[PDB]
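Trainee: enclosed are the sequence and the experimentally obtained structure.
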Amino acid sequence: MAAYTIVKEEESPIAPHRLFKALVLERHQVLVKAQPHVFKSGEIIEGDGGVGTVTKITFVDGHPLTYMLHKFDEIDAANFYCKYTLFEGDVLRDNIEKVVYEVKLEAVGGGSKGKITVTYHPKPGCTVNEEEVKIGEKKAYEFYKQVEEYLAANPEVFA
Ligand SMILES: O=S(=O)(O)c1cccc2cccc(Nc3ccccc3)c12
Ligand SMILES: O=S(=O)(O)c1cccc2cccc(Nc3ccccc3)c12
Ligand SMILES: O=S(=O)(O)c1cccc2cccc(Nc3ccccc3)c12
Ligand SMILES: O=S(=O)(O)c1cccc2cccc(Nc3ccccc3)c12
């Protein structure tokens, strides 16, 4: 209050159900698949796949960042809908309390329409860097481009 937020709207030739599974439900695992150079493991530490499930993504040894943990706060997996929060790990940078992601997908002929909102939460009475915004939008977005391309040339996967 006030918080920094991106609002993006995208579309890819990939059906929502395949994207929501690769970029949400099994993200922790798909990150170690598209970027084996920068991530060692991604796991669930308690939970199912439902609100309160916590994941852990661990960086490779020669990376500056250390690990991340996210909590699943709202899933409606049928509707392609997720709100999830980066709460812990060396990743955070000092003026931001958490990062809060809200995803909804929808089908669109042969593919997808995502609307994503990423809200950057400063810690008690601090300010949020705008460089981090641009870094957080480039790192998620390339990863999506790697995944898209990948779900594109193997229709089999998550299909
Ligand atoms: O990493 S990605 O292709 O992005 C990927 C994205 C989403 C789901 C995946 C499932 C299996 C293997 C993958 N990759 C992979 C690639 C070559 C060999 C083994 C696995 C998946
Ligand atoms: O927008 S991104 O920054 O990659 C992004 C960031 C965070 C979570 C996302 C979840 C699903 C799809 C995304 N992108 C997307 C791309 C194409 C079509 C629909 C969604 C997500
Ligand atoms: O992209 S950033 O991290 O923002 C970045 C920002 C500024 C300078 C960078 C130099 C090399 C690699 C980067 N990225 C990178 C990240 C992980 C693995 C390898 C390279 C740099
Ligand atoms: O963005 S994510 O989608 O989690 C992501 C996806 C793929 C690779 C990433 C590497 C480093 C940091 C990330 N996140 C991040 C968090 C805050 C600021 C900048 C980057 C990465």
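Mentor: Noted; the coordinates are in hand. Residues are numbered from 1 along each chain as shown. Ligands and ions are numbered 1, 2, ... in the order given.

Trainee: and for the lengthiest helix in the chain, what's in contact with it?
Mentor: For the chain, the helix that runs over the most residues, judged by DSSP state H, is helix 130-152. Residues outside helix 130-152 that contact it (C-beta atoms under 8 Å, 6 or more residues apart in numbering) are 4, 6, 8, 10, 12-14, 18-19, 22-23, 30-31, 34-35, 93, 96, 99, 118, 120, 157-158. From N, CA and C alone the C-beta is placed, and that goes for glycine too.

Trainee: make a PyMOL selection of the buried ones in those.
Mentor: Listed next is the PyMOL selection for buried residues among these, using 16 or more other C-beta atoms under 10 Å:
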select buried, resi 4+12+14+18+19+22+23+30+31+34+96+99+118+120+158
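
Trainee: strands - which of the contacts of helix 130-152 land there?
Mentor: Counted as lying in strands by DSSP state E, out of the contacts of helix 130-152, are 4, 6, 8, 10, 12, 96, 99, 118, 120.

Trainee: one step back: of the contacts of helix 130-152, list those near ligand 4.
Mentor: Restricting the contacts of helix 130-152 to those touching ligand 4 (C-beta under 6 Å from any ligand atom) yields 31, 35.

Trainee: report the distance from stretch 72-85 to the chain centre.
Mentor: The chain centre lies 11 Å from the centre of stretch 72-85; the measure is C-alpha atoms, centre = their mean, to the nearest Å.

Trainee: right, I'll call it a day here.
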